[PDB]
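Notes follow once the structure below has been shown.
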Amino acid sequence: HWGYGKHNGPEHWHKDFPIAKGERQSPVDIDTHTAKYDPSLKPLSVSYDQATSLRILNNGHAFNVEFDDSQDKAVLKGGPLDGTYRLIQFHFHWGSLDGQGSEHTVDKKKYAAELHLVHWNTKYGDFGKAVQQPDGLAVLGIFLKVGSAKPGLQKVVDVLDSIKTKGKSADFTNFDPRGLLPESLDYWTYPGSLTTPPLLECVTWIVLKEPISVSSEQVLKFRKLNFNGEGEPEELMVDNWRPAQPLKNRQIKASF
Ligand SMILES: CCN[C@H]1CN(CCOC)S(=O)(=O)c2sc(S(N)(=O)=O)cc21
Ligand SMILES: [Hg+2]
Ligand SMILES: [Zn+2]
């Protein structure tokens, strides 16, 4: 089944998910010089002060931190959105080396990792209905560069030991997502897809201009995770990112 390896990685995905060859696939290259500055873009409203994290899980592709999304606790509004989009989970894509790992690139430059805070449009009642819709999800993507440590990421890094293999989970309450955000909320937005199967074209992508930096020690621990379940041969979870897709008749708008 799908993965990121030679025999089941992104170049084979079209065989089970034909939408891989679609018209608004993600990620894309953000070419900063032809992104259209649009002055009617409102600022982002990120309200993560009441967020409830419940769990972290290694799902054999990445590890996810899930949040309680049954009431409007952590929401995203503003920006290019019309509607309140509720936080359900966040995860990352990262590389085996520091010069690769982001899915989106800025002027063909790749970062060491990328954070995806996944939200779904509440108009649609549950997550599973929102993925049937062209404006069902909004994913806020944040690039991570290697540098000094991000204090807020360390709590996540300490637990990775209990979720080393496919299928392990640990309770992970009281995590505040606000410590993973950059100072600036300037962005680029465009319509796209999930970057993993089923590759659905539901997503408004809001990629932030400003990256966060994390130490090389923090991102090192990401790399010690496993794609396999326990008892199966060890296969390190690295380079779990999809390469950039053709923009083909889409315009990237800039809020700045
Ligand atoms: C391993 C599978 N990951 C996906 C699980 N999703 C549910 C998909 O089936 C309805 S999802 O909405 O949470 C997302 S968002 C996302 S990315 N990288 O584009 O932000 C990938 C996935
Ligand atoms: Hg969709
Ligand atoms: Zn992702």
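FYI, nothing fancy with the structure tokens labels: chains A, B, ... in order, residues from 1 per chain, ligands from 1 as they appear.
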Test item: residues no farther than 10 Å from ligand 2, counting only C-alpha atoms and all ligand atoms, as a tab-separated table (two decimals) with C-alpha atoms, in the first residue's frame:
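What follows is the written file part.tsv:
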```
chain	number	residue	atom	x	y	z
A	129	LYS	CA	-18.53	15.65	5.18
A	130	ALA	CA	-16.02	18.57	4.72
A	131	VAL	CA	-13.70	16.32	2.67
A	132	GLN	CA	-16.47	15.98	0.12
A	133	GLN	CA	-16.18	19.71	-0.51
A	134	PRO	CA	-13.99	22.04	-2.64
A	135	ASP	CA	-13.65	24.42	0.38
A	136	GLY	CA	-13.93	21.71	3.04
A	137	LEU	CA	-10.48	22.05	4.63
A	192	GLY	CA	-4.97	22.63	-3.70
A	193	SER	CA	-5.19	19.14	-2.29
A	194	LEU	CA	-4.10	16.91	0.57
A	199	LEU	CA	-5.15	13.38	-2.59
A	200	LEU	CA	-8.61	15.05	-2.54
A	201	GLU	CA	-8.93	18.58	-3.94
A	202	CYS	CA	-10.62	20.11	-0.87
A	203	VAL	CA	-7.99	22.41	0.52
```
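The environment of stretch 215-217 of chain A within 8 Å, counting only C-alpha atoms and disregarding residues fewer than 3 places along the same chain, consists of residues 146, 147, 148, 149, 150, 220 and 221 of chain A.
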Suppose we keep N, CA and C atoms; can you now write the selection as a tab-separated table (two decimals), in the first residue's frame?
```tsv
chain	number	residue	atom	x	y	z
A	146	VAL	N	16.41	24.71	10.51
A	146	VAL	CA	17.28	24.30	11.60
A	146	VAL	C	18.00	25.54	12.15
A	147	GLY	N	18.04	25.70	13.45
A	147	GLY	CA	18.61	26.86	14.08
A	147	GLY	C	18.61	26.56	15.57
A	148	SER	N	18.11	27.51	16.31
A	148	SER	CA	17.97	27.47	17.75
A	148	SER	C	16.71	26.69	18.00
A	149	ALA	N	16.54	26.23	19.23
A	149	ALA	CA	15.44	25.37	19.60
A	149	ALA	C	14.12	26.11	19.66
A	150	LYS	N	13.00	25.46	19.33
A	150	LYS	CA	11.72	26.12	19.49
A	150	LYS	C	11.25	25.53	20.82
A	220	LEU	N	16.23	15.84	14.77
A	220	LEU	CA	16.89	14.53	14.83
A	220	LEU	C	16.02	13.40	15.38
A	221	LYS	N	15.29	13.76	16.43
A	221	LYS	CA	14.41	12.82	17.07
A	221	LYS	C	13.24	12.41	16.20
```
For this session: Find the residues near ligand 1. Use a cut-off of 8 Å, count only C-alpha atoms and all ligand atoms, and write them as a VMD selection string.
Result: chain A and resid 26 59 to 62 88 to 93 116 to 118 127 to 128 131 137 139 141 193 to 200 203
Exercise. Can you list, as a list in words, every protein, DNA or RNA residue that comes within 7 Å of residue A:46 when you count only C-alpha atoms, leaving out same-chain residues fewer than 6 positions away?
Worked result: residues 75, 76 and 77 of chain A
Once you have the residues from the selection above, write them out as a tab-separated table (two decimals), in the first residue's frame, restricted to N, CA and C atoms.
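File out22.tsv, as written:
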```
chain	number	residue	atom	x	y	z
A	75	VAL	N	-9.93	27.65	16.46
A	75	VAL	CA	-10.43	27.90	15.11
A	75	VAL	C	-9.56	28.86	14.28
A	76	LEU	N	-9.73	28.82	12.97
A	76	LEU	CA	-9.06	29.68	12.00
A	76	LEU	C	-10.21	30.36	11.26
A	77	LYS	N	-10.16	31.66	11.06
A	77	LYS	CA	-11.13	32.42	10.31
A	77	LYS	C	-10.28	33.50	9.64
```
For this session: Would you please work out which residue, of A:115, A:54, A:106, A:20, is nearest to ligand 3 when using only C-alpha atoms and all ligand atoms?
Result: A:115
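Comparing A:153, A:44, A:35, A:138 by their smallest distance to ligand 3, the closest is A:138 (using only C-alpha atoms and all ligand atoms).
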For this session: Compile the contact shell of residue A:206 as a VMD selection string: residues with an atom at most 6 Å away, counting only C-alpha atoms, same-chain residues fewer than 4 positions apart removed.
Result: chain A and resid 140 188 to 189
The selected residues should be written to file as an mmCIF file, in the first residue's frame (atoms: N, CA, C and O atoms).
```cif
data_model
loop_
_atom_site.group_PDB
_atom_site.id
_atom_site.type_symbol
_atom_site.label_atom_id
_atom_site.label_comp_id
_atom_site.auth_asym_id
_atom_site.auth_seq_id
_atom_site.Cartn_x
_atom_site.Cartn_y
_atom_site.Cartn_z
ATOM 1 N N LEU A 140 -2.973 25.137 7.423
ATOM 2 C CA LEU A 140 -2.031 26.208 7.655
ATOM 3 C C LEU A 140 -0.673 25.510 7.677
ATOM 4 O O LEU A 140 -0.474 24.624 8.517
ATOM 5 N N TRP A 188 0.626 33.422 1.850
ATOM 6 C CA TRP A 188 0.403 33.101 0.461
ATOM 7 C C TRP A 188 -0.735 32.101 0.547
ATOM 8 O O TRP A 188 -0.765 31.278 1.470
ATOM 9 N N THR A 189 -1.700 32.135 -0.370
ATOM 10 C CA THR A 189 -2.816 31.212 -0.372
ATOM 11 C C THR A 189 -3.092 30.835 -1.814
ATOM 12 O O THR A 189 -2.795 31.578 -2.764
#
```
For this session: Kindly give the distance, in Å, that separates atom CA of residue A:34 and atom CA of residue A:78, rounded to a single decimal.
Result: 23.3 Å
Problem set entry | Surrounding residues of residue A:152 excluding itself and chain neighbours under 6 positions, 8 Å, only C-alpha atoms, as a PyMOL selection string | chain A and resi 176+179-180
For this session: Going by DSSP on the backbone, which bits of stretch 2-212 of chain A are alpha helix (DSSP H)? Write them as JSON, numbers by chain, please.
Result: {"A": [127, 128, 129, 130, 154, 155, 156, 157, 158, 159]}
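The shortest atom-to-atom distance to ligand 3, with only C-alpha atoms and all ligand atoms taken into account, belongs to A:64 out of A:226, A:64, A:169, A:213.
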